[PDB]
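A closer look at the structure
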Amino acid sequence: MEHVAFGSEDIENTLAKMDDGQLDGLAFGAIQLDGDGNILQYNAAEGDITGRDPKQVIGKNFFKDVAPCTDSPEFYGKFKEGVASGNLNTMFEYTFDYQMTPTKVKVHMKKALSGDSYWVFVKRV
Ligand SMILES: *C(=O)/C=C/c1ccc(O)cc1
(Lines give C-alpha, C1' and ligand atoms only; values in the text may rest on other atoms or scores of the structure.)
Protein backbone atom coordinates (compact mmCIF):
# COMPACT_ATOMS: atom_id res chain seq x y z
CA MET A 1 0.00 0.00 0.00
CA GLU A 2 1.13 3.48 -0.96
CA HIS A 3 -0.30 5.73 1.75
CA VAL A 4 -1.96 8.64 -0.06
CA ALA A 5 -5.47 9.78 0.86
CA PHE A 6 -8.11 10.41 -1.79
CA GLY A 7 -8.56 14.17 -2.11
CA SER A 8 -5.22 15.18 -0.56
CA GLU A 9 -4.32 18.81 -1.25
CA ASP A 10 -0.91 17.98 -2.78
CA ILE A 11 -1.75 14.62 -4.38
CA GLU A 12 -0.24 15.65 -7.71
CA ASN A 13 3.15 16.23 -6.04
CA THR A 14 2.99 12.81 -4.36
CA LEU A 15 1.96 10.93 -7.51
CA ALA A 16 4.59 12.57 -9.75
CA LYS A 17 7.18 10.18 -8.23
CA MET A 18 5.33 6.90 -8.91
CA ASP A 19 5.89 4.40 -11.71
CA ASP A 20 3.10 2.09 -12.94
CA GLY A 21 3.89 -0.43 -10.21
CA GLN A 22 3.62 2.15 -7.45
CA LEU A 23 0.33 3.51 -8.83
CA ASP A 24 -1.06 -0.04 -8.50
CA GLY A 25 -0.48 0.23 -4.73
CA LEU A 26 -2.95 3.11 -4.19
CA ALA A 27 -6.19 2.59 -2.25
CA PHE A 28 -8.26 4.31 -4.97
CA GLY A 29 -8.58 4.24 -8.74
CA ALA A 30 -6.23 6.48 -10.67
CA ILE A 31 -6.20 7.28 -14.39
CA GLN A 32 -3.80 9.63 -16.12
CA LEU A 33 -5.06 11.28 -19.33
CA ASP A 34 -3.37 13.53 -21.84
CA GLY A 35 -5.00 16.75 -23.04
CA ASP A 36 -6.95 14.81 -25.68
CA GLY A 37 -8.38 12.26 -23.24
CA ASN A 38 -6.07 9.36 -24.13
CA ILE A 39 -5.21 7.04 -21.24
CA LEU A 40 -1.52 7.17 -20.28
CA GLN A 41 -1.80 5.25 -16.98
CA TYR A 42 -4.52 3.12 -15.40
CA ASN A 43 -3.99 1.40 -12.06
CA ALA A 44 -5.12 -1.89 -10.59
CA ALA A 45 -7.64 -0.38 -8.16
CA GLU A 46 -9.50 1.23 -11.07
CA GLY A 47 -9.61 -2.08 -12.93
CA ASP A 48 -11.04 -3.66 -9.79
CA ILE A 49 -13.88 -1.12 -9.74
CA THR A 50 -14.75 -1.12 -13.45
CA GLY A 51 -13.70 -4.57 -14.67
CA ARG A 52 -11.37 -3.17 -17.34
CA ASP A 53 -7.95 -4.75 -17.79
CA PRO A 54 -5.43 -1.94 -17.09
CA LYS A 55 -2.94 -2.97 -19.79
CA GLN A 56 -5.57 -3.15 -22.52
CA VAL A 57 -7.01 0.36 -22.06
CA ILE A 58 -3.72 2.30 -22.15
CA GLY A 59 -3.65 4.23 -25.40
CA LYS A 60 -7.43 4.27 -25.86
CA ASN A 61 -9.47 7.44 -25.67
CA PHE A 62 -11.33 7.53 -22.36
CA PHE A 63 -14.24 9.70 -23.54
CA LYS A 64 -14.71 8.19 -27.01
CA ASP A 65 -13.80 4.50 -26.60
CA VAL A 66 -13.66 3.38 -22.98
CA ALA A 67 -16.17 5.47 -21.02
CA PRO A 68 -18.94 6.82 -23.26
CA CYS A 69 -21.21 7.41 -20.24
CA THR A 70 -18.77 10.19 -19.22
CA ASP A 71 -19.23 11.94 -22.60
CA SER A 72 -21.54 14.62 -21.20
CA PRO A 73 -21.31 18.21 -19.94
CA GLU A 74 -21.17 16.91 -16.35
CA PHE A 75 -17.91 14.98 -16.80
CA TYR A 76 -16.21 15.40 -20.20
CA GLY A 77 -17.41 19.01 -20.33
CA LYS A 78 -15.58 19.81 -17.09
CA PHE A 79 -12.46 18.04 -18.36
CA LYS A 80 -12.32 19.99 -21.61
CA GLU A 81 -12.84 23.31 -19.79
CA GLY A 82 -9.91 22.47 -17.51
CA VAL A 83 -7.64 21.48 -20.39
CA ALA A 84 -8.40 24.72 -22.24
CA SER A 85 -7.98 26.75 -19.04
CA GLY A 86 -4.80 24.96 -17.99
CA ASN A 87 -6.22 24.44 -14.49
CA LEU A 88 -8.56 21.78 -13.14
CA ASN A 89 -9.56 20.68 -9.64
CA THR A 90 -13.08 19.34 -9.16
CA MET A 91 -14.79 16.58 -7.17
CA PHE A 92 -18.22 15.13 -7.86
CA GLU A 93 -20.27 11.95 -7.68
CA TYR A 94 -21.07 9.98 -10.84
CA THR A 95 -22.49 6.63 -11.96
CA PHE A 96 -20.46 4.33 -14.21
CA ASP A 97 -22.84 2.17 -16.21
CA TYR A 98 -21.35 1.15 -19.60
CA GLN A 99 -21.14 -2.65 -20.03
CA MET A 100 -21.12 -3.05 -16.25
CA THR A 101 -23.37 -3.06 -13.23
CA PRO A 102 -24.19 0.62 -12.54
CA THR A 103 -21.66 1.68 -9.89
CA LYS A 104 -21.79 4.97 -8.00
CA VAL A 105 -18.37 6.59 -7.47
CA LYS A 106 -16.76 9.78 -6.24
CA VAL A 107 -14.58 11.37 -8.92
CA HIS A 108 -11.71 13.82 -8.38
CA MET A 109 -10.17 15.37 -11.49
CA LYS A 110 -6.96 17.35 -11.09
CA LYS A 111 -4.31 18.74 -13.39
CA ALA A 112 -1.06 16.85 -13.01
CA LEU A 113 2.20 18.56 -12.18
CA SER A 114 3.69 17.63 -15.58
CA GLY A 115 2.67 19.81 -18.56
CA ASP A 116 -0.20 18.23 -20.47
CA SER A 117 -1.44 15.51 -18.11
CA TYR A 118 -4.59 15.22 -16.01
CA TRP A 119 -5.53 12.83 -13.22
CA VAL A 120 -8.89 11.13 -12.75
CA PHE A 121 -9.19 9.59 -9.27
CA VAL A 122 -12.09 7.27 -8.41
CA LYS A 123 -13.45 5.63 -5.27
CA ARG A 124 -16.70 3.86 -4.41
CA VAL A 125 -19.39 5.52 -2.27
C1 LIG B 1 -19.08 5.12 -18.41
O2 LIG B 1 -19.20 4.68 -19.55
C3 LIG B 1 -17.99 4.79 -17.59
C4 LIG B 1 -17.04 3.85 -17.97
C5 LIG B 1 -15.79 3.73 -17.35
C6 LIG B 1 -15.42 4.56 -16.28
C7 LIG B 1 -14.16 4.42 -15.69
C8 LIG B 1 -13.26 3.45 -16.15
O9 LIG B 1 -12.15 3.31 -15.61
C10 LIG B 1 -13.64 2.63 -17.20
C11 LIG B 1 -14.89 2.77 -17.80
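Reading the values: the criteria
Residues numbered from 1 in each chain as written, not as in the entry; some residues may be left out. Heavy atoms only, no water. UniProt positions renumbered as here; feature names shortened; annotations may be inferred. Helix = DSSP H or I, 4+ residues; strand = E, 2+ residues; numbered from the N terminus. Near = heavy atom within 4 Å. Polar contact = N/O pair within 3.5 Å; in protein donor to acceptor, adjacent residues only side chain to side chain. Areas by Shrake-Rupley, 256 points an atom, 1.4 Å probe, with all protein chains shown as cover. Pairing = 2+ DSSP bridges. Salt bridge = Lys/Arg side-chain N within 4 Å of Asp/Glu carboxyl O. Buried < 20%, exposed > 50% of the residue type's maximum accessible area, 1.4 Å probe, protein only. Axes fitted to C-alpha atoms, helices over the stretch in contact; angles between N-to-C directions. Contact = heavy atoms within 4.5 Å. Core = buried A, V, L, I, M, F, W, Y, C linked by side-chain atoms within 4.5 Å.

Per the PDB record, the structure was determined using X-ray crystallography to 2.00 Å resolution.

1. Here's the deal with the UniProt feature "domain: PAS" in the chain
Look at the UniProt record and you will see "domain: PAS" annotated at residues 23-86. Segment residues 23-86 splits into 42% helix and 16% strand. End C-alpha atoms: 24 Å apart.

2. Let's talk about the site of the ligand
The ligand sits among 13 residues. The nearest are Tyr-42, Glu-46, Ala-67, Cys-69 and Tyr-98. Here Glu-46 contributes a side-chain N or O atom positioned 2.6 Å from an oxygen atom of the ligand. Here the ligand has 320 Å² of accessible area as a free molecule, and 100% of this is covered by the chains.

3. Describing the pairing of strand 2 (residues 39-42)
Of the strand pairs in this sheet, strand 1 (residues 29-34) and strand 2 are connected by three bridges, and their pairing is antiparallel. Counted as the bridge partner of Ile-31 is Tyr-42 from strand 2.

4. Observations concerning the pattern of salt bridges
Using the criterion set out here, one finds three salt bridges in the structure. With a shortest N-O distance of 4.0 Å, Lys-80 and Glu-81 are connected by a salt bridge. By relative accessible area, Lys-80 is classed as partly exposed at 49%. Of the residues examined, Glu-81 reaches a relative accessible area of 45% and is grouped as partly exposed. Here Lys-106 makes a salt bridge to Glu-93, at a shortest N to O gap of 3.2 Å. A residue pair is termed long-range when its members are at least 10 positions apart, and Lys-106 in strand 4 (residues 103-111) and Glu-93 in strand 3 (residues 89-96) qualify at 13 residues. Owing to a relative accessible area of 46%, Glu-93 belongs among the partly exposed residues under this scheme.

5. Things to note about the sheet that holds strand 3
The five strands are arranged 2-1-5-4-3 in an open sheet whose pairing can be described as antiparallel. The sheet terminates laterally at strand 2 and strand 3, the two strands that pair on one side only. Shown here is a sheet whose adjacent strand axes are inclined to one another by a mean of 20 degrees, direction ignored. For strand 3 and strand 4, the ladder comprises eight bridges, and the chain directions are antiparallel. Note that in strand 4 the partner of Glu-93 across the bridge is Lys-106. Packing against the sheet, helix 6 (residues 76-85) makes contact with strand 1, strand 3, strand 4 and strand 5 (117-124), and its axis sits at approximately 150 degrees to strand 5.

6. Looking at the nonpolar core
Of all hydrophobic cores here, the largest spans 22 residues; its most connected members are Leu-33, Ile-39, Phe-62, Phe-75, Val-107, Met-109 and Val-120. Listing elements by their share of this core, those giving two or more residues are strand 1, strand 2, helix 5 (62-66), strand 3, strand 4 and strand 5. Those residues within four positions of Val-120 in sequence are excluded, and the remaining contacts are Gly-29, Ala-30, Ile-31, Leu-33, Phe-75, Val-107, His-108 and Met-109.

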